[PDB]
Structures are given as structure tokens and as C-alpha cells.
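Undergrad: Need coordinates for the following:
(chains A, B and C, ligands or ions: 6)
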Amino acid sequence: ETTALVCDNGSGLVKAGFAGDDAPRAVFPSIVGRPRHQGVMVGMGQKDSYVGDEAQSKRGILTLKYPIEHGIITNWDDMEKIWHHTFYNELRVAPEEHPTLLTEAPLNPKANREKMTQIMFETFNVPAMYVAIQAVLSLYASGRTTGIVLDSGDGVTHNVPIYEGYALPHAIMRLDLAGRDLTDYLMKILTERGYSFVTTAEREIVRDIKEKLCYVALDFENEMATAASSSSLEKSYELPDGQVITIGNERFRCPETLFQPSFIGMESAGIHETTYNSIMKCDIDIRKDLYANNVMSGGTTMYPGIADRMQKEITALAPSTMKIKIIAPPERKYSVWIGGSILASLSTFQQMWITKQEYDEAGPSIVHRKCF
Amino acid sequence: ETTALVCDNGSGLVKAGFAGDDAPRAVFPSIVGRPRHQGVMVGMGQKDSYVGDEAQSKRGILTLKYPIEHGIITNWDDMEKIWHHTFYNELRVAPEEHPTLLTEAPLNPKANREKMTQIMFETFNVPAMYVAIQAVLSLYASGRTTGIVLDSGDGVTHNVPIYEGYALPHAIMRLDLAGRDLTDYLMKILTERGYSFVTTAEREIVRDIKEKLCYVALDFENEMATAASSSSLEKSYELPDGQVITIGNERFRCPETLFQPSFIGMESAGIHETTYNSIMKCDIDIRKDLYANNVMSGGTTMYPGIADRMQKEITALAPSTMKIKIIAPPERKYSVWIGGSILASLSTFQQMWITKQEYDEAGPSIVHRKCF
Amino acid sequence: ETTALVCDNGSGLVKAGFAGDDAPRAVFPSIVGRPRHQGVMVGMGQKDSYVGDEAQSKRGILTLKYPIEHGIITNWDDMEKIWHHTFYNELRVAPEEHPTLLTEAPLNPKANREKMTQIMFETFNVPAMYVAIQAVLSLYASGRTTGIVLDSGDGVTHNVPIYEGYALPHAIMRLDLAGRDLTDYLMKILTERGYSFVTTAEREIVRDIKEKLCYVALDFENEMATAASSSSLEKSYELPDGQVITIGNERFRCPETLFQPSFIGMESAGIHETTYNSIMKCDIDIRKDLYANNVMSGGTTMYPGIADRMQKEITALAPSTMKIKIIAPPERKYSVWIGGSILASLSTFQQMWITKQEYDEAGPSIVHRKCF
Ligand SMILES: Nc1ncnc2c1ncn2[C@@H]1O[C@H](COP(=O)(O)OP(=O)(O)O)[C@@H](O)[C@H]1O
Ligand SMILES: Nc1ncnc2c1ncn2[C@@H]1O[C@H](COP(=O)(O)OP(=O)(O)O)[C@@H](O)[C@H]1O
Ligand SMILES: Nc1ncnc2c1ncn2[C@@H]1O[C@H](COP(=O)(O)OP(=O)(O)O)[C@@H](O)[C@H]1O
Ligand SMILES: [Mg+2]
Ligand SMILES: [Mg+2]
Ligand SMILES: [Mg+2]
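TA: Numbers count the residues shown, from 1 in each chain, chains lettered A, B, ... in the order given. Ligands and ions are numbered 1, 2, ... in the order given. Sure, structure below:
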């Protein structure tokens, strides 16, 4: 095929474009927004739903919903709006002409992948499609055939060990804590300095505070003490409406939830201990090359100082007789998409698409025998 | 010592008294009022501020300011008048002798608790003090150690899940909608029957209408349809000056803003979905016992029919396989003060006070290590 | 003496009682749990650690730890709590007074048996004690002196060939796969139907889903084809909180990990191949009588159909010329404790105890010369 789509149908943000390009043609919020107020002006574009950057622009009059929660599509009537928008509004393709790579977290419900397959063949009529694991696509962007990938988006953090191009599915870890839970935790702790952000539209203002100002502190208890001898670690943000909020230790106490999940009251290992536990579930001879090829992917891996702390923490867990290396590239915000754009372009991948002809003789249950 | 004080300095109404008493010694509006008109009579007790029942009595010539908004003290020089009035006028104590239990809503600004601590030790010179969460105190009055507490006052509604004595602070919810927002909404919908209530003194008249006549409809659309075949659900109230107002569906459409916050334009879950979401944020093993111990507290829970509406709605959200029970005691107007009167009286609590000697070696920051 | 104790301190279930009783006096989870949330109800039985049925009862607010992993005591400070609980809280004996039969898996670390001896003689001051192999104790409960015991608990599966009362230790097999690995795989594969169990208390919900509903298929690929023409093999289970989960092929696909360990990603023989390998490591004359006397033991041997799958699988490996019989008593859940109660009650065993004198002249190293 000349061109195929790769759609990274992520939680919170969707990345889309053509296989063989080096970056997404489109990136926009994975949001559908609906009016919450009385419409009074006739003779106007009174539209019953907005999606992506349209919903983000009009958000003061909208309730904003994400159809994807924790990497699982929880609203299919609105996920069809996000895929319709993706194909017809800023890729501006005919889906009937282009096969599509699609993207999923490990350990998802099987019904998610089946219903994602059924919609692509029966609503969008694609020639062929395939659903790929986000952490396998991250090694394609990095150019590896071995590494443990820590992929962390808006809804899920997951670890996938790979060695010599074989995955270890018994050692895959999933953690329902990534960018949305950090945004919600920042809304919670910003209340303690006096700022109430409570609506779905204000949740997007706090996501921008988090992205602009938050960081991961190399030693948290020393940083907490450094912020008690105050004013040096503080920054300020200017809200829509032009009011300013000053922000202090909540600037690094927020991303620490990744390393201390008990801040959001959940009982789990932190992301450093989840990467270590996943390496220690692997066969002993591969562990040396996994510690040396520790790949980071996805937007929740974009905090300043997170790779320095991930190296510090895996180095304290692992035996000191060997070298941990953290491979967090500057474009890792898109490595799942870039690696899907590599996979969908390979000549040896063109045999692996599920085709329309192969779906309509096997039903949506085809997707489990033909995809990892 | 034989007595501590306990003060529930809530929005709208202060409750004050001695630890181990059965009910508050003093209960009065959390109001300061100042003359809005020209004094002309020389040779009189002409006075620059009135507080509590003196403000409420003289209100026809006053502008009334509540110094607490949404559970946050917004006017500290008037809050010092309210604590001065509390201690010296109708408790008629000397704060220098009595340690005082104070009370706060969850998810408050930290500056509120610090400045309240500072006033208690540096302005009122108390021997010791503590700040307790209003919903944690409500279980002591109820005699539970497990339950989800809906507390709803004049300024704030909040849900605190507790199991076997442990709070789950991830599952705590705060909603900035309670009895003041329902008074302001009743003022607004009374305009549509042709009564204009607009001054701060008239807000008290509409608060008295809300207290005497309003109730929660068990099924709102059936009660709207009932009141449209009118005159059966209508009641009358006699204003000061003796003019009678007749009031109809606005009588139950006011309390319905607790279940439908969109009536006052705010995008949030009603008190039933806020309680159910707080139970569902808790660990799966405790939910069965939170549903059976759903405790209601504060004056905004005093409406006729709210326990029945709230049981009906949590029963519709919960799985049909188990028994929701709602514990709305008749003294729940005071269950925060009654609970604080138990707590301050316990022998095993006497280690927990912040003492003056421990404050003046740690500053007002002490209240974040000794209090929840 | 009148009575010894016998304590089968297994992984995740501790069985305890007196020699000559017909069944364990006490059975409880081999668990210690500590609070993970914040204590707010002052003046109550708040406590820093719960053990056994207290921990299993309060588990919604606790993180639950097992101090035995794969038959090895990994946390001695919490194993001392379990032995203290066993003796004082529901045997309610004086350990100073009764000699104790303890129990162990074969091919354990020698430090496990030494430290277990040292704790018994110095923390619990016992008169005398012994450590017996769980599989040898399973033959006493069966009335045999020859058989091969397949014992499978929570932590470890092991085969021990015995002929005319002599063990063949070169033919002993150990397999660090049993009931916990099956629970942890059921948590993994329930995720693919959309139920996410992840906390240490949700591991106890998935353990009951496994115990109530899981079973062993006689022909796995035929049962998989039977569950694909669905609904006949599905069952439903009600969780705490009253939600119901339906479960289908994951019902028999969980126990198949015993026959296909590659499901949990480990390279090993199944329990049938391990039993056949253990028989084939024995001398050629004894094999006829081992095939006729396969003894099932421990709780992971309790699935419906496991004895029929096991007899079908050993019959396919063994020569067709001779009788495979598998002996699977309904009391096999306790046969290690039952046969420990027999051993501890024999008049000929009363000279085989390690005594306090014989320990305190030889150190904890005494246990290697006097036990198996
Ligand atoms: N510079 C940044 N710092 C912190 N967080 C970021 C940054 N950029 C993006 N994010 C967060 O990454 C999350 C989603 O990124 P992405 O990797 O696209 O996830 P998904 O694949 O689920 O769409 C968002 O919640 C966003 O807040
Ligand atoms: N019988 C009643 N019916 C309806 N509302 C009431 C009743 N009694 C009191 N209220 C309302 O309760 C609110 C405050 O009660 P309270 O629980 O003391 O709150 P706070 O703790 O904020 O002072 C007031 O706004 C008042 O209007
Ligand atoms: N009826 C049953 N079906 C399946 N598994 C069971 C059943 N009863 C108990 N088990 C499992 O047996 C395991 C432990 O049993 P037990 O033989 O006491 O082991 P241990 O000796 O290690 O305590 C537990 O993991 C439990 O889940
Ligand atoms: Mg992603
Ligand atoms: Mg109150
Ligand atoms: Mg056992």
C-alpha cells in the first residue's frame, strides 16, 4: 500500500497521521463537549456537540467528557465522533481507501479491541486494520529490539519487557495511574493554597498548570524541606480571566504520586518499583540488557527531572555491580505514534493487517488471533 | 480541669458550649452587621457593630455580613468579633482558663486553620486548642466508628467515608453548595411569583421562608406535575409588616438544587451522586458497610423528605443486591457540636490538644501535624 | 506427656491443633495486615497489626502481607506474630508446656529450618519440637507406607516417592507453582473480561472466585471449544459491594496452569509430567506400586476434575500395561495436619523429638541431624 493511517487513539489526547511521516499530522484532545446552558441566539452555528480543539476552544459553555477512561473506551457513541473527526476533519481522508494502524494498552478488556475492530470495518469501512500494543511501538521509535518500556499516558502507566524482539507477557505490568490522576490530584492539593478548580472546564486549566509548572524532585524529603525555607521553588501561573495563582511544593508533590501512589490513596508499587518488579519477573540472563535499555514513553514521562529520578530509583533497587540507563528521548511524547508509523510502513508488516475480506468471514473475534 | 469549650463556628450559624454538655449553650447567626443609615438620636446606646442575635434583631437598619463564605473565613476582623461575642457575651467565660475545640470542613485552605490557631493563642490566649473535621465529629454524636457522613451546613456540603475508625481522604468530597446557595436560589425564584427580596436583611426573611415551608419532593417531575394542577401544595408565609406571600412549586424546587446543582448553573453531581461516588472511591470490602451507615448531618439536611429522597436515589445507583440505610437523627442540626462535645470530653483525647507551650515553639504551622 | 501440638504453618493458610485430634482445632489465613489509611476516631481499639481472621475481616483498610512465600518464611518479625497468634489467641495454650510438631516443604533453604527451630526454643521456650516434610505427613493420613505424594498448597507443589517407608530423595521434585500463582493468574485473566483486581485485599476476593468457581477440564482444547459456543460453562459471583462478575473459560483456564506452567510464563513440566518424572527417577521395581498409589494432598489439589485429569494424564505417560490409581481423600485439604497428628501421637515417635537440652548443647544446627 502507498499510505496507511496510524491512529494512536490515546486517553486524553489523540495522535494521528500517515505511516512513513516522522510526526503526527494531527494531535488534539480526546474530548467530546456538549452545551450546558440555554441557547438564546438564533441565526448561528448552534451545534449539539464539539470534539477535539473545538470543544477546548468553547469550553466555558461546555461539559467536557473523555470517552476513554484508563485506556478503555467507556462511551462508543462519542468515540465514533473522535474517529469521525480524526478522519474527516483534519486528516480529511476517505477511510474506505486507507488501512489503519490502531493502538491499545496491554491487559485491556477483550471487548474493547473487538468493538474497536467492528467499528473500523462496519462504520468506517477501512480496507484493513491492526491493533498494536503501545509499548511495542515505543521500541520501534527508539530503534531497539530489546528494552523495558515504561509508557505513561493520560490513563495508564504500563511496563513491557522485550528481549531480542520477543515480549515476556508474564512480566507485563499495568498501573491505572497516569496524567488524569495527576491532574485530579493537583486539583485536590491546589485547594489547600485556596484555589478551587471544580468543573470539567477547570480540569483543563489544571492540566495546563501541571504541564507548564510541575517537575519530579530528585529527593522528595529534601525538596519538601527546601520549599519550607520558602519562595525559591515557587512559580506563578496566570489563569483565563487574568488572575494569578502562585504554586510551591504542590509543583513537585503532584508528580511524586507516580513514585508514591498512596498520595491518591491507591495501594501499589511506584513506577520505579513497577519497572524493577517487571525486570525481576524476566528470565535472569535478559535482566542486564533490560536495565541498560530502560525506555520511557508518553506524556506523563515529560516532567523535568523524571529520568534522573528514575535512574536514581532503579539504581537503588538493582545490584550495584551493573549499569542502569534511562532512554527518555526528547520526542517521547509521540514515540508510540512514531513507532506505529514505522511498523505500518515496513514491507514485512504488509502481511499482518486484518483485511475486510478476513474480518467478514471471522467476525470481530479475528483481532485476538491476528494481534499481540 | 472540669471543662473544655467546643465551638462549631460554621457558616451562617455558630454553635458554642462546654465539653460534656448535651447540646450547645449558645446558638446564634454567624453574622456581623453595621448601620447603613444616618444616626440622628443623640443620648442613646448608638453602636458601630452588632453581632449574632443583636444583628438579626436590629437588621432593618443594618447591612449584614457573614464573615465565613463556603466554610472559609473571609473577614478576620469580624470573625474576631464573633469569637469575642461567643466567649464573653453568652458563654460568658474567660478563654484564658478553657481549652477550646474548634471545627473545620475538609479540603479547606491551610491558611484558614493557621490564622484561626494564631487568633486562638495570640488574641484569646487559650491554654490549648484543636481543630476537628465537621464530618468526623458527626460520627461521635451518632455513636458509629464506620459510615459515610454527608454533612451539609450553610456554606459547604461534604462527604467523609470512615471505616473501623480510619478515614479514606482520597474518597472525601467537598461541594460548595449548601444552605446559603439554596437561600439565594429561593430569593431568585420568588421573583418569578412577583416578590422582590434583595437586601441582606431580606435574605434572612427568605432564609426563614426556606426553613418554614421548603421540603424535598420524593419524585421531582411528579411533584411538578402535581403542583401544575395547583393549590393543593401551596402554603402562605406572613412577612414582617404583615404582608402574606403564597408559595407553590418553588417550595420543593428550592431543595432540589441539592440533587440538581445545574439549577444554580454549577456543573457538579447532586448530593446523591456525590455520596455514591465517594462510596465507590473507597475500597470494595468497606462499601457494603458504608451504604448501611450513611449518616446525615447539618441544617441543610433538615428538610422534610430528604432522607427518603436520598435513600431512593442511592438505592437506584447502588447494585440492587444490598441494603442502603440512611441515618438522619432528629438532633442532626447539632450533631457536629454534639460530636465535638463527646471528643473534647474523652480521657484518651487529652494528649491531642495543641498546648500554648507547644504552639509558641513551632508557630501556627503546628496545626498541620496535630490535626486531621 | 498428654498432648503435643501440631502446626502446619503453610503458605497463606495455617492449620494448628493437638496430636490425636481428628482435624485442625484452628485454621486461619497465614496473613499479617497493617493499616494503610489514617486513623481519625480517637478513643477506640485502634491497633497496629491484625493477623489471620482479624486481618481477613478488616481487610478493606489494611495492606495484607504473607510472611511465607513459596514455602520460605521471608518475614520473621511477622511469622513470630502468626506463631504467637496460633498459640495464645486460638489454641490458647502455654507454648512452654506442649512439644510442637512443625512442618516444611522438601528442598527448602537450611536457614529456614534453623531459624524456625531457634524461634521455637527461645521465643516460645517449647519443651521439644520436630520439623516433618509435608508429603511424608500426607502418607500417615492415608494409612500407606508406599506411595508418591503430590502435595500442592498455596506456595509450593512437590512430589515425594516413598516405598516400604523409605523415601527416595534423589527423585523428589519441587515446583514453585501452587495456589498463589493460580490466584495471581486469575487476577491477570479476569482483567480481559474487564474486572480489575489489584490491591492485596482484592487478591482475597479473586482467591474466593478461584475456590468457588474454578475447576480442571478433562480435555482443555475441547473445553475451550465448548466455552466458545458460550453461556453453558459461565457462572456468576457476587463481590463485596453487591456487584456481580460473570466468569467463563477463565473458570477452567486458571487451574490448567498446573498442567501448562507456560501460561504464567515459567518453563517447567506440568504436575502430571512432574509426577511421571518423579516415578521414572525411582528404581524400576518400585514403579508398579507408585503408579497404583498416587496421593493428592494440600488445597490446590481440591479443584473438581483434577484427580480425573491427573489419572488421564499419568495414564498417557505411563505404559498401558499397568494400573494408574490416584487416591484423593475428601479431607486432603488437611491430610498434612491429620498425618502430623498421627506422627506426633505414635509411641515410637516420642524419642525422635529435638529436646530443649539437645538444642541448647548443639545450637539450631541440631535440626539437620535429627529431622529429614
Ligand atoms: N510537558 C508535560 N509535562 C507534564 N505532563 C504532560 C506534558 N505534556 C503532556 N503531558 C500529559 O500527558 C498526558 C497524555 O499524554 P499522551 O502521552 O498523549 O497520553 P495518551 O497516549 O493517553 O493520549 C496528558 O494528561 C498531559 O497532561
Ligand atoms: N428546618 C430547616 N429547614 C431547612 N433549612 C434549615 C433548617 N434549619 C436550619 N436550616 C439551614 O441550615 C443552614 C445552616 O445550618 P448549620 O448546620 O448550622 O450550618 P453551619 O454548620 O454552616 O452553620 C442555614 O442556612 C439554615 O437556613
Ligand atoms: N475448593 C478449593 N478449590 C481450589 N482451591 C482451593 C480450595 N480450597 C483451598 N484452595 C486453595 O488452597 C490453597 C492453600 O491450601 P493449603 O493446602 O492449606 O496450602 P498451605 O499448606 O500452603 O496453607 C489456597 O491458595 C486456596 O486458594
Ligand atoms: Mg498513550
Ligand atoms: Mg456545619
Ligand atoms: Mg501445605
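
Undergrad: So what's the residue count around residue A:268?
TA: Around residue A:268 there are 18 other residues, counting by other C-beta atoms under 10 Å in any protein chain shown. C-betas here are computed from N, CA, C, even on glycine.

Undergrad: mind listing what it touches?
TA: Residues in contact with residue A:268 (C-beta atoms under 8 Å, 6 or more residues apart in numbering or on different chains) are A:175, A:177, A:261, A:274, C:198.

Undergrad: Shouldn't it be within a helix?
TA: No: applying DSSP: H, G, I helix; E, B strand; the rest coil, one finds residue A:268 to be coil, outside a helix.

Undergrad: how about it, phi and psi?
TA: phi -160, psi 160 (degrees, to the nearest 10).

Undergrad: What of residue A:238?
TA: phi -110, psi 120.

Undergrad: so what's it up against?
TA: A:244, A:245.

Undergrad: Just flag the most distant two among the contacts of residue A:268.
TA: A:274 and C:198 (11.6 Å; C-beta to C-beta).

Undergrad: Give me the more crowded residue out of those two.
TA: residue A:274 (21 against 16).

Undergrad: Look at the residue of chain A found nearest ligand 3 and give its secondary structure.
TA: Going by C-beta to the nearest ligand atom, ligand 3 is nearest to residue A:170 of chain A, at 19.2 Å. Three-state call for residue A:170 (three-state DSSP): helix.

Undergrad: hang on, it packs against residue C:267?
TA: No: counting by C-beta atoms under 8 Å, residue A:170 stays clear of residue C:267, with 10.9 Å between them.

Undergrad: higher neighbour count, these two?
TA: Set side by side, residue A:170 and residue C:267 show more neighbours around residue A:170, with 17 against 7, by other C-beta under 10 Å.

Undergrad: Quick check: neighbours shared by residue A:170 and residue C:267?
TA: If you check residue A:170 and residue C:267 against C-beta under 8 Å, 6+ apart, no residue is contacted by both.

Undergrad: ok, then the element right after the helix or strand hosting residue A:113?
TA: Assigned by DSSP states H and E, residue A:113 belongs to helix A:110-122. Counting by DSSP H and E, the element after helix A:110-122 in chain order, helix or strand, is strand A:128-133.

Undergrad: mind saving the C-alpha coords of the very next helix or strand once past that next one as PDB?
TA: Sequence-wise, the next helix or strand downstream of strand A:128-133 (DSSP H and E) is helix A:134-142. Extracted as PDB, the C-alpha positions of helix A:134-142 are listed here (Å, rounded to 0.1, in the frame of the first residue of the first chain):
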ATOM      1  CA  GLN A 134       1.700   0.900  22.700                       C
ATOM      2  CA  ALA A 135       4.900  -0.300  24.400                       C
ATOM      3  CA  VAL A 136       6.000  -2.400  21.400                       C
ATOM      4  CA  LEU A 137       5.500   0.600  19.100                       C
ATOM      5  CA  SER A 138       7.800   2.600  21.500                       C
ATOM      6  CA  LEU A 139      10.700   0.300  20.800                       C
ATOM      7  CA  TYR A 140      10.200   0.900  17.000                       C
ATOM      8  CA  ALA A 141      10.500   4.700  17.600                       C
ATOM      9  CA  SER A 142      13.600   4.200  19.800                       C
END
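
Undergrad: gap between helix A:134-142 and the chain center?
TA: Distance of helix A:134-142 from the chain centroid (C-alpha atoms, centre = their mean, to the nearest Å) equals 13 Å.

Undergrad: Given the next helix or strand after that helix, what are its sheet partners and their directions?
TA: Of the helices and strands lying after helix A:134-142 in sequence (DSSP H and E), the nearest is strand A:147-152. The strands beside strand A:147-152 in its sheet (DSSP bridges) come out as strand A:157-163 (antiparallel), strand A:294-297 (parallel).

Undergrad: before we move on, back to that, list the residues that contact the residue of chain A closest to ligand 3.
TA: Residue A:170 neighbours (C-beta under 8 Å, 6+ apart): A:281, C:264, C:265, C:266.

Undergrad: ChimeraX command to pick out the buried ones of these?
TA: Here is the ChimeraX command that selects the buried residues among those (16 or more other C-beta atoms under 10 Å in any protein chain shown):
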select /A:281 /C:264
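
Undergrad: Could you dump the contacts of residue A:170 into TSV and include distance to ligand 6 and secondary structure?
TA: Below are those laid out as TSV (distance: C-beta to the ion, whole Å; DSSP: H, G, I helix; E, B strand; the rest coil):
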residue	distance to ligand 6	secondary structure
A:281	24	coil
C:264	19	helix
C:265	24	coil
C:266	20	coil
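
Undergrad: Need the contacts of residue A:170 in a markdown table (columns: distance to chain B).
TA: Output for these, formatted as a markdown table (distance: C-beta to the nearest C-beta, whole Å):
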| residue | distance to chain B |
| --- | --- |
| A:281 | 26 |
| C:264 | 25 |
| C:265 | 28 |
| C:266 | 30 |
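
Undergrad: still on that earlier bit, could you tell me which of the contacts of residue A:268 are located in strands?
TA: residue A:175 (DSSP state E).

Undergrad: Which members of the contacts of residue A:268 are positioned in helices?
TA: residue A:274 (DSSP state H).

Undergrad: thinking again about what came up before, quick check, distance from the helix holding residue A:113 to the centre of its chain.
TA: With C-alpha atoms, centre = their mean, you get 20 Å for helix A:110-122.

Undergrad: same question, stretch A:266-286
TA: Worked out by C-alpha atoms, centre = their mean, stretch A:266-286 lies 20 Å from the chain centre.

Undergrad: Please apply the same query to stretch A:86-104.
TA: 19 Å.

Undergrad: Report the beta-bridge partners for the nearest residue to residue A:311 once chain neighbours are set aside.
TA: In this structure, residue A:311 finds its nearest non-sequential neighbour in residue A:326, 4.7 Å apart by C-beta to C-beta, 6 or more residues apart in numbering or on different chains. When assigned by DSSP bridges, residue A:326 has beta-bridge partners residue A:294.
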